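We begin with a single chain expressed as structure tokens, specifically the form deposited in one PDB entry.
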């Protein structure tokens, strides 16, 4: 072609696609080519970005002349977001791209297309589910994943598929979050058990708020599809704890409270906790006493009503991990399932012998503090 890539499309459409693709580009590009986003005109425009998480968006466009061009992804996402709200005209002119929109005009340098790495092929579709369910279930468990890249075995979200049932889990050794959901399997009997980096999976699930059903592909990659968007994510090569056997089926003591009231009380009392390390909880019939701090800085104390069953128990928790757990339930009330002060508490959304645990879709296991 004598006329290289030339097209026209709406700014909003172009800007959303480029920003979505450019997001996952390398933070420290080895070659300048790795900082680019590929634009391919055929029908429609494809916007492609390569990395350990590669992404491709496809949008409607008027392709005056087809072709391909590689330009700085970050600068193109910044230009497109800021352009006048008018149609955007793009014309490749040799080694430059002329971008016109209303009264604004740009001339951008290009990088060689031949050097851009080919994006991996997504595996075969494993199943699908609504965007709202994927977004809300992932965000629920993501809160427990480790955020330290020095301990990468803690940085994933475990995904286990047993036909129509999906179990999600995350942990950082101080807390374990587990969520079960139903999905449209493609086809029944499909078994899969992978560990996906938590940060990218959570960002993909939050962006999914379309809606539009999210298609997951596992046949070392997790494929994510829908909304004219397609991405691949390298899976984590780490073992995950046997989370199912760590969840107790019975409790020696059970406490039910109001989440909002308890979150507020933790935050008040924790102002005097030395380096925000612990909040002590003294449960007895009808009441829990929350306390924190030492005389040198200050002491705090608040009593809250509890629907309690069992012998009195005194247990301490890290205030942030406790509020993360409470915040993740999305229920008015919380159930605390206990054994001893040195064994985990089970938080679930809501007369002397032990108490069988209640079946819920979500659970947050929280380790105590001594």
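Positions refer to the first chain, counted from 1.
Beyond the structure shown, there is the form deposited with a partner chain bound, which is absent from this document and is the topic of what follows.
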property: Heavy atom distance at most 4.5 Å to the partner chain in the deposited bound form, all of 25, 117 and 231; result: no
property: Distance check, residue 5 to the partner chain in the deposited bound form, heavy atom within 4.5 Å; result: no
property: Heavy atom of residue 308 within 4.5 Å of the partner chain in the deposited bound form; result: no
property: Contact test in the deposited bound form: residue 173 vs the partner chain, heavy atoms, 4.5 Å; result: yes
property: Contact of residue 260 with the partner chain in the deposited bound form (heavy atom, 4.5 Å); result: no
property: Segment that reaches the partner chain in the deposited bound form - one of 54-62, 332-340, 32-40, 313-321, heavy atoms within 4.5 Å; result: 313-321
property: Of 163, 152, 241, 112, the one that lies within 4.5 Å of the partner chain in the deposited bound form (heavy atoms); result: 241
property: 284, 209, 246, 193 - the one with a heavy atom within 4.5 Å of the partner chain in the deposited bound form; result: 246
